[PDB]
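Note: the block below is upload_23.cif and it holds mmCIF, C-alpha atoms and all ligand atoms.
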data_input
loop_
_atom_site.group_PDB
_atom_site.id
_atom_site.type_symbol
_atom_site.label_atom_id
_atom_site.label_comp_id
_atom_site.auth_asym_id
_atom_site.auth_seq_id
_atom_site.Cartn_x
_atom_site.Cartn_y
_atom_site.Cartn_z
ATOM 1 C CA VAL N 1 154.147 -63.362 199.585
ATOM 2 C CA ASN N 2 151.815 -64.724 196.891
ATOM 3 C CA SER N 3 150.490 -68.097 195.731
ATOM 4 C CA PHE N 4 152.439 -68.435 192.464
ATOM 5 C CA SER N 5 154.453 -71.667 192.673
ATOM 6 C CA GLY N 6 157.284 -73.243 190.719
ATOM 7 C CA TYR N 7 158.406 -70.135 188.829
ATOM 8 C CA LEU N 8 161.963 -69.401 187.830
ATOM 9 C CA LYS N 9 162.991 -65.891 188.852
ATOM 10 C CA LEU N 10 164.362 -63.925 185.907
ATOM 11 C CA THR N 11 164.690 -60.457 187.473
ATOM 12 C CA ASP N 12 163.581 -58.459 190.491
ATOM 13 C CA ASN N 13 160.017 -58.425 189.129
ATOM 14 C CA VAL N 14 159.707 -60.990 186.282
ATOM 15 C CA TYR N 15 159.103 -64.710 186.848
ATOM 16 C CA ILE N 16 158.517 -67.517 184.330
ATOM 17 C CA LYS N 17 157.088 -71.046 184.268
ATOM 18 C CA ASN N 18 156.305 -73.744 181.724
ATOM 19 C CA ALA N 19 152.554 -73.847 182.252
ATOM 20 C CA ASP N 20 149.184 -73.716 180.552
ATOM 21 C CA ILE N 21 147.925 -70.247 181.488
ATOM 22 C CA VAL N 22 144.384 -71.651 181.669
ATOM 23 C CA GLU N 23 145.323 -74.295 184.241
ATOM 24 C CA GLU N 24 147.533 -71.811 186.076
ATOM 25 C CA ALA N 25 144.706 -69.268 186.295
ATOM 26 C CA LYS N 26 142.223 -71.846 187.597
ATOM 27 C CA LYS N 27 144.645 -72.787 190.391
ATOM 28 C CA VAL N 28 145.819 -69.379 191.635
ATOM 29 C CA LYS N 29 142.724 -67.261 190.864
ATOM 30 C CA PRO N 30 144.970 -64.213 190.394
ATOM 31 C CA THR N 31 143.708 -60.672 190.680
ATOM 32 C CA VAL N 32 144.637 -60.166 187.008
ATOM 33 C CA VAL N 33 145.089 -62.621 184.144
ATOM 34 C CA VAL N 34 146.304 -61.103 180.880
ATOM 35 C CA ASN N 35 144.696 -62.127 177.600
ATOM 36 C CA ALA N 36 146.556 -61.996 174.284
ATOM 37 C CA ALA N 37 143.692 -60.097 172.676
ATOM 38 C CA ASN N 38 143.055 -58.599 169.260
ATOM 39 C CA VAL N 39 141.429 -55.195 168.700
ATOM 40 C CA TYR N 40 138.011 -56.796 168.117
ATOM 41 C CA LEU N 41 138.170 -58.980 171.247
ATOM 42 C CA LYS N 42 137.429 -61.961 168.985
ATOM 43 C CA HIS N 43 138.828 -64.779 171.106
ATOM 44 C CA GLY N 44 139.139 -67.421 168.422
ATOM 45 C CA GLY N 45 142.500 -69.090 168.915
ATOM 46 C CA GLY N 46 145.809 -68.994 170.698
ATOM 47 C CA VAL N 47 145.774 -67.956 174.337
ATOM 48 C CA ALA N 48 142.556 -65.973 173.834
ATOM 49 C CA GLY N 49 140.678 -68.932 172.392
ATOM 50 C CA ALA N 50 141.829 -71.123 175.271
ATOM 51 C CA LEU N 51 140.933 -68.583 177.972
ATOM 52 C CA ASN N 52 137.544 -67.952 176.405
ATOM 53 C CA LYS N 53 136.808 -71.681 176.079
ATOM 54 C CA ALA N 54 137.592 -72.108 179.783
ATOM 55 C CA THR N 55 134.909 -69.476 180.560
ATOM 56 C CA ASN N 56 132.310 -71.407 178.536
ATOM 57 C CA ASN N 57 132.216 -68.453 176.053
ATOM 58 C CA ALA N 58 131.221 -65.936 178.767
ATOM 59 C CA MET N 59 134.380 -63.954 178.001
ATOM 60 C CA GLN N 60 133.286 -63.633 174.358
ATOM 61 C CA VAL N 61 129.736 -62.590 175.302
ATOM 62 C CA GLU N 62 131.078 -59.877 177.618
ATOM 63 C CA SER N 63 133.616 -58.812 175.000
ATOM 64 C CA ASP N 64 130.998 -58.447 172.256
ATOM 65 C CA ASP N 65 129.017 -56.086 174.481
ATOM 66 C CA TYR N 66 132.200 -54.122 175.239
ATOM 67 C CA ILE N 67 132.965 -53.667 171.523
ATOM 68 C CA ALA N 68 129.364 -52.778 170.677
ATOM 69 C CA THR N 69 129.568 -49.956 173.226
ATOM 70 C CA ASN N 70 133.162 -48.767 172.854
ATOM 71 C CA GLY N 71 134.469 -49.854 169.463
ATOM 72 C CA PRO N 72 137.764 -51.638 168.871
ATOM 73 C CA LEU N 73 140.848 -51.309 171.005
ATOM 74 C CA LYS N 74 144.084 -49.819 169.685
ATOM 75 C CA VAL N 75 147.058 -52.024 168.864
ATOM 76 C CA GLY N 76 149.203 -51.532 171.955
ATOM 77 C CA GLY N 77 146.113 -50.827 174.072
ATOM 78 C CA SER N 78 144.070 -52.720 176.625
ATOM 79 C CA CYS N 79 140.850 -52.916 178.564
ATOM 80 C CA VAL N 80 139.934 -54.441 181.919
ATOM 81 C CA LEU N 81 137.013 -56.877 181.876
ATOM 82 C CA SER N 82 135.851 -59.681 184.145
ATOM 83 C CA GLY N 83 138.114 -62.618 184.863
ATOM 84 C CA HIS N 84 135.034 -64.877 185.045
ATOM 85 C CA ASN N 85 135.933 -68.216 186.692
ATOM 86 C CA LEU N 86 139.668 -67.705 186.060
ATOM 87 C CA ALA N 87 140.649 -64.497 187.895
ATOM 88 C CA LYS N 88 139.112 -61.397 189.405
ATOM 89 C CA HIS N 89 139.881 -59.380 186.260
ATOM 90 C CA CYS N 90 141.101 -60.063 182.747
ATOM 91 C CA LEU N 91 143.391 -57.432 181.242
ATOM 92 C CA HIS N 92 142.895 -57.789 177.479
ATOM 93 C CA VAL N 93 146.122 -56.484 175.904
ATOM 94 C CA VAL N 94 146.661 -56.114 172.152
ATOM 95 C CA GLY N 95 150.216 -56.774 171.089
ATOM 96 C CA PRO N 96 151.039 -56.242 167.419
ATOM 97 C CA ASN N 97 150.268 -59.225 165.172
ATOM 98 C CA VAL N 98 153.235 -59.657 162.815
ATOM 99 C CA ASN N 99 151.058 -61.807 160.543
ATOM 100 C CA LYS N 100 149.053 -58.573 160.029
ATOM 101 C CA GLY N 101 152.069 -56.324 159.355
ATOM 102 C CA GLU N 102 151.790 -54.366 162.609
ATOM 103 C CA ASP N 103 154.707 -52.355 163.993
ATOM 104 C CA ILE N 104 156.760 -54.385 166.462
ATOM 105 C CA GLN N 105 157.675 -51.169 168.308
ATOM 106 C CA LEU N 106 154.063 -51.305 169.509
ATOM 107 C CA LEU N 107 155.084 -54.264 171.677
ATOM 108 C CA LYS N 108 156.592 -51.929 174.286
ATOM 109 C CA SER N 109 153.365 -49.909 174.424
ATOM 110 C CA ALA N 110 151.430 -53.159 174.892
ATOM 111 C CA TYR N 111 153.574 -54.212 177.862
ATOM 112 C CA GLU N 112 153.222 -50.756 179.464
ATOM 113 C CA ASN N 113 149.607 -51.673 180.229
ATOM 114 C CA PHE N 114 150.915 -54.219 182.751
ATOM 115 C CA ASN N 115 152.325 -51.387 184.906
ATOM 116 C CA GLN N 116 148.782 -50.399 185.923
ATOM 117 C CA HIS N 117 148.504 -53.640 187.954
ATOM 118 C CA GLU N 118 150.680 -54.614 190.897
ATOM 119 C CA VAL N 119 150.683 -58.367 190.120
ATOM 120 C CA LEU N 120 149.685 -60.214 186.924
ATOM 121 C CA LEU N 121 149.650 -63.670 185.362
ATOM 122 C CA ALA N 122 150.444 -63.260 181.675
ATOM 123 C CA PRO N 123 151.574 -64.791 178.376
ATOM 124 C CA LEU N 124 154.332 -63.378 176.228
ATOM 125 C CA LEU N 125 152.708 -60.701 174.101
ATOM 126 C CA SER N 126 152.817 -61.039 170.320
ATOM 127 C CA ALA N 127 154.177 -64.601 170.680
ATOM 128 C CA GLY N 128 152.507 -67.728 169.335
ATOM 129 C CA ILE N 129 150.115 -67.076 166.467
ATOM 130 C CA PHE N 130 150.840 -63.339 166.702
ATOM 131 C CA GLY N 131 154.109 -64.113 164.915
ATOM 132 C CA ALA N 132 156.757 -62.232 166.921
ATOM 133 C CA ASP N 133 159.998 -63.738 168.201
ATOM 134 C CA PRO N 134 159.220 -64.865 171.791
ATOM 135 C CA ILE N 135 162.816 -64.202 172.872
ATOM 136 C CA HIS N 136 162.306 -60.580 171.840
ATOM 137 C CA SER N 137 158.943 -60.460 173.604
ATOM 138 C CA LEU N 138 160.601 -61.585 176.840
ATOM 139 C CA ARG N 139 163.309 -58.919 176.525
ATOM 140 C CA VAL N 140 160.734 -56.159 175.991
ATOM 141 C CA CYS N 141 158.724 -57.490 178.936
ATOM 142 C CA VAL N 142 161.703 -57.391 181.299
ATOM 143 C CA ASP N 143 162.745 -53.933 180.077
ATOM 144 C CA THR N 144 159.219 -52.443 180.262
ATOM 145 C CA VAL N 145 157.183 -54.053 183.045
ATOM 146 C CA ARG N 146 158.036 -52.816 186.539
ATOM 147 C CA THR N 147 155.189 -54.522 188.406
ATOM 148 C CA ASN N 148 155.286 -58.202 189.383
ATOM 149 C CA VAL N 149 154.614 -60.402 186.356
ATOM 150 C CA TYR N 150 154.307 -64.198 186.322
ATOM 151 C CA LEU N 151 154.749 -65.440 182.761
ATOM 152 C CA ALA N 152 153.250 -68.746 181.627
ATOM 153 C CA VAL N 153 154.883 -70.300 178.546
ATOM 154 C CA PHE N 154 152.791 -73.185 177.199
ATOM 155 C CA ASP N 155 155.432 -74.872 175.037
ATOM 156 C CA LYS N 156 158.036 -76.724 177.081
ATOM 157 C CA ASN N 157 160.547 -76.535 174.244
ATOM 158 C CA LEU N 158 160.031 -72.778 174.016
ATOM 159 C CA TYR N 159 160.235 -72.372 177.800
ATOM 160 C CA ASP N 160 163.631 -74.084 177.871
ATOM 161 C CA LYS N 161 164.931 -71.931 175.020
ATOM 162 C CA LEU N 162 163.679 -68.751 176.711
ATOM 163 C CA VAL N 163 165.437 -69.625 179.970
ATOM 164 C CA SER N 164 168.669 -70.832 178.377
ATOM 165 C CA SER N 165 168.973 -67.740 176.152
ATOM 166 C CA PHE N 166 167.996 -65.122 178.742
ATOM 167 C CA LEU N 167 170.582 -62.415 179.366
HETATM 168 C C1 LIG G 201 151.103 -66.386 173.841
HETATM 169 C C2 LIG G 201 150.413 -67.103 172.695
HETATM 170 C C3 LIG G 201 149.762 -66.333 171.705
HETATM 171 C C4 LIG G 201 149.114 -66.957 170.625
HETATM 172 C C5 LIG G 201 149.112 -68.357 170.532
HETATM 173 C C6 LIG G 201 149.758 -69.127 171.514
HETATM 174 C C7 LIG G 201 150.419 -68.513 172.602
HETATM 175 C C8 LIG G 201 151.085 -69.399 173.650
HETATM 176 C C9 LIG G 201 152.570 -69.658 173.312
HETATM 177 C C10 LIG G 201 153.299 -70.357 174.458
HETATM 178 O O1 LIG G 201 153.233 -69.834 175.597
HETATM 179 O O2 LIG G 201 153.910 -71.397 174.149
HETATM 180 N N1 LIG G 201 150.329 -70.644 173.828
HETATM 181 C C11 LIG G 201 149.339 -70.799 174.722
HETATM 182 O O3 LIG G 201 148.998 -69.893 175.477
HETATM 183 C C12 LIG G 201 148.655 -72.136 174.770
HETATM 184 N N2 LIG G 201 148.972 -73.099 173.869
HETATM 185 C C13 LIG G 201 148.344 -74.273 173.933
HETATM 186 N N3 LIG G 201 147.412 -74.683 174.798
HETATM 187 C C14 LIG G 201 147.103 -73.707 175.698
HETATM 188 N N4 LIG G 201 146.199 -73.770 176.732
HETATM 189 C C15 LIG G 201 146.169 -72.578 177.434
HETATM 190 C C16 LIG G 201 147.076 -71.715 176.872
HETATM 191 C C17 LIG G 201 147.685 -72.418 175.765
#
Any chance you could give the structure as structure tokens?
Ligand SMILES: Cc1ccccc1[C@H](CC(=O)O)NC(=O)c1ncnc2[nH]ccc12
Amino acid sequence: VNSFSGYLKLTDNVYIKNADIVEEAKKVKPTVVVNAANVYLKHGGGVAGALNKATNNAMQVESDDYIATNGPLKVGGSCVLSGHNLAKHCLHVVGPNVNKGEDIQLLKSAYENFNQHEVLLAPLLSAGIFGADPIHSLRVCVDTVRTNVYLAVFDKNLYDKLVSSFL
């Protein structure tokens, strides 16, 4: 039993809700919140900008130190950093950005990072300003993630389409 509330159950291990991931994180304080990161951990917009803003820019400060030490992530890769006031940990995952020409096959690799964590709150990878088809992102999620994932979809209109079109 966990504290996630109001989710629709899609599969054995994948759940979904129309919710602002920022507000959802503040309420549940999950062990892991997933960020829709880029390889530079520059949290300017989209989910990343919103999560970072909610940390009062502490996420960005921590991220800049991480990059200065380690260099950029790989597309499809991830790193675990602090969850600040939102969660115990933030798993920064880099899905391919279609508006950068990056291989969509990398989306499966990106979701594989979720399997290292028993329970996660997460957005759809490569969705939103990353340019991929969110319906496809959901399919890859369900077919790749085996751990318990609670997906927050900000746009109500998109949430309804994702549910109504789910096979
Ligand atoms: C996954 C993604 C990647 C890039 C850009 C947007 C998104 C998603 C898309 C969706 O889930 O609809 N949007 C949001 O996460 C969002 N949108 C508006 N206000 C917000 N406040 C906290 C989060 C939040």
### Message
Please expand the PyMOL selection byres (((not hetatm)) within 8 of (chain G and resi 201)) into the concrete residues it hits in this file, giving the result as a PyMOL selection string.
### Response
chain N and resi 18-23+36+45-48+50-51+123-130+152-156+158-159
How big is the axis-aligned box around all listed atoms of stretch 81-99 of chain N once 6 Å goes on each side, and where's its centre, in Å to one decimal, as JSON?
{"center_x": 144.1, "center_y": -62.2, "center_z": 175.0, "size_x": 30.2, "size_y": 24.1, "size_z": 40.9}
### Task
Take the PyMOL selection byres (((chain N and resi 138) around 10) and not hetatm), apply it to the structure above, and return the hits as number ranges by chain.
N: 14, 16, 123-125, 127, 133-137, 139-144, 151, 162-163, 166
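Interatomic distance, atom CA of residue N:72 against atom CA of residue N:38: 8.8 Å.
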### Message
Running the PyMOL selection byres (((chain N and resi 93) around 6) and not hetatm) on this model by hand, what would come out? Give it as a list in words.
### Response
residues 36, 37, 77, 78, 92 and 94 of chain N
### Task
State, in Å with one decimal place, the distance from atom CA of residue N:65 to atom CA of residue N:41.
10.1 Å
Taking only C-alpha atoms into account, produce a table as a tab-separated table in which each residue of stretch 43-66 of chain N with an atom at most 9 Å from an atom of stretch 79-88 of chain N appears once, together with its shortest atom pair and the distance in Å to one decimal, ordered by chain and rising number.
residue	atom	partner	partner_atom	distance
N:51	CA	N:86	CA	8.2
N:54	CA	N:86	CA	7.9
N:55	CA	N:85	CA	6.3
N:58	CA	N:84	CA	7.4
N:59	CA	N:84	CA	7.1
N:62	CA	N:81	CA	7.9
N:63	CA	N:81	CA	7.9
N:66	CA	N:81	CA	8.6
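Minimum atom-to-atom distances from N:1, N:8, N:39, N:25 to residue N:160 were compared using only C-alpha atoms, and the lowest value belongs to N:8.
For the pair atom CA of residue N:44 and atom CA of residue N:100, the separation is 15.7 Å.
If all atoms listed in the file are the atoms counted, then among N:149, N:132, N:35, N:116 the closest residue to residue N:49 is N:35.
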### Message
Just want the 9 Å neighbourhood of residue N:115, counted on all atoms listed in the file, with same-chain residues fewer than 5 positions away dropped. Output as number ranges by chain.
### Response
N: 144-148
### Query
Between N:61, N:10, N:28, N:167, which one has atoms that come closest to residue N:43, using all atoms listed in the file?
N:61
### Summary
Shortest contact to residue N:150, candidates N:32, N:76, N:27, N:56, atoms counted only C-alpha atoms, goes to N:32
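The closest residue to residue N:118, picked from N:57, N:3, N:11, N:31 and counting only C-alpha atoms, is N:31.
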Rebuild stretch 39-52 of chain N to N, CA, C and O atoms - output it as an mmCIF file, in the frame of the given file, please.
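Below you can see part21.cif, which holds the result:
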data_model
loop_
_atom_site.group_PDB
_atom_site.id
_atom_site.type_symbol
_atom_site.label_atom_id
_atom_site.label_comp_id
_atom_site.auth_asym_id
_atom_site.auth_seq_id
_atom_site.Cartn_x
_atom_site.Cartn_y
_atom_site.Cartn_z
ATOM 1 N N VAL N 39 142.175 -56.445 168.521
ATOM 2 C CA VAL N 39 141.429 -55.195 168.700
ATOM 3 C C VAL N 39 139.928 -55.397 168.718
ATOM 4 O O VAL N 39 139.202 -54.527 169.211
ATOM 5 N N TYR N 40 139.438 -56.508 168.165
ATOM 6 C CA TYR N 40 138.011 -56.796 168.117
ATOM 7 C C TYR N 40 137.545 -57.656 169.281
ATOM 8 O O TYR N 40 136.354 -57.991 169.352
ATOM 9 N N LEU N 41 138.457 -58.025 170.180
ATOM 10 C CA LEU N 41 138.170 -58.980 171.247
ATOM 11 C C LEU N 41 137.455 -60.219 170.712
ATOM 12 O O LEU N 41 136.532 -60.739 171.335
ATOM 13 N N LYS N 42 137.901 -60.699 169.552
ATOM 14 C CA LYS N 42 137.429 -61.961 168.985
ATOM 15 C C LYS N 42 138.388 -63.053 169.447
ATOM 16 O O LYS N 42 139.534 -63.126 168.988
ATOM 17 N N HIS N 43 137.940 -63.867 170.390
ATOM 18 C CA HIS N 43 138.828 -64.779 171.106
ATOM 19 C C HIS N 43 138.801 -66.168 170.466
ATOM 20 O O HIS N 43 138.350 -67.150 171.051
ATOM 21 N N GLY N 44 139.322 -66.236 169.244
ATOM 22 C CA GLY N 44 139.139 -67.421 168.422
ATOM 23 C C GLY N 44 140.164 -68.522 168.604
ATOM 24 O O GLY N 44 139.841 -69.705 168.433
ATOM 25 N N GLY N 45 141.400 -68.146 168.910
ATOM 26 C CA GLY N 45 142.500 -69.090 168.915
ATOM 27 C C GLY N 45 143.620 -68.583 169.796
ATOM 28 O O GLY N 45 143.525 -67.523 170.415
ATOM 29 N N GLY N 46 144.703 -69.351 169.838
ATOM 30 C CA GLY N 46 145.809 -68.994 170.698
ATOM 31 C C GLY N 46 145.398 -68.967 172.156
ATOM 32 O O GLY N 46 144.473 -69.667 172.593
ATOM 33 N N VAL N 47 146.094 -68.125 172.923
ATOM 34 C CA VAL N 47 145.774 -67.956 174.337
ATOM 35 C C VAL N 47 144.336 -67.480 174.509
ATOM 36 O O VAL N 47 143.629 -67.932 175.413
ATOM 37 N N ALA N 48 143.897 -66.531 173.679
ATOM 38 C CA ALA N 48 142.556 -65.973 173.834
ATOM 39 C C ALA N 48 141.490 -67.041 173.643
ATOM 40 O O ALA N 48 140.531 -67.126 174.417
ATOM 41 N N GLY N 49 141.634 -67.862 172.604
ATOM 42 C CA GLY N 49 140.678 -68.932 172.392
ATOM 43 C C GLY N 49 140.628 -69.882 173.567
ATOM 44 O O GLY N 49 139.554 -70.364 173.935
ATOM 45 N N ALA N 50 141.789 -70.205 174.138
ATOM 46 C CA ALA N 50 141.829 -71.123 175.271
ATOM 47 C C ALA N 50 141.205 -70.503 176.519
ATOM 48 O O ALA N 50 140.432 -71.160 177.227
ATOM 49 N N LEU N 51 141.542 -69.245 176.822
ATOM 50 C CA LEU N 51 140.933 -68.583 177.972
ATOM 51 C C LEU N 51 139.428 -68.487 177.798
ATOM 52 O O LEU N 51 138.670 -68.771 178.728
ATOM 53 N N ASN N 52 138.977 -68.101 176.607
ATOM 54 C CA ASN N 52 137.544 -67.952 176.405
ATOM 55 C C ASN N 52 136.826 -69.291 176.543
ATOM 56 O O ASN N 52 135.767 -69.379 177.176
#
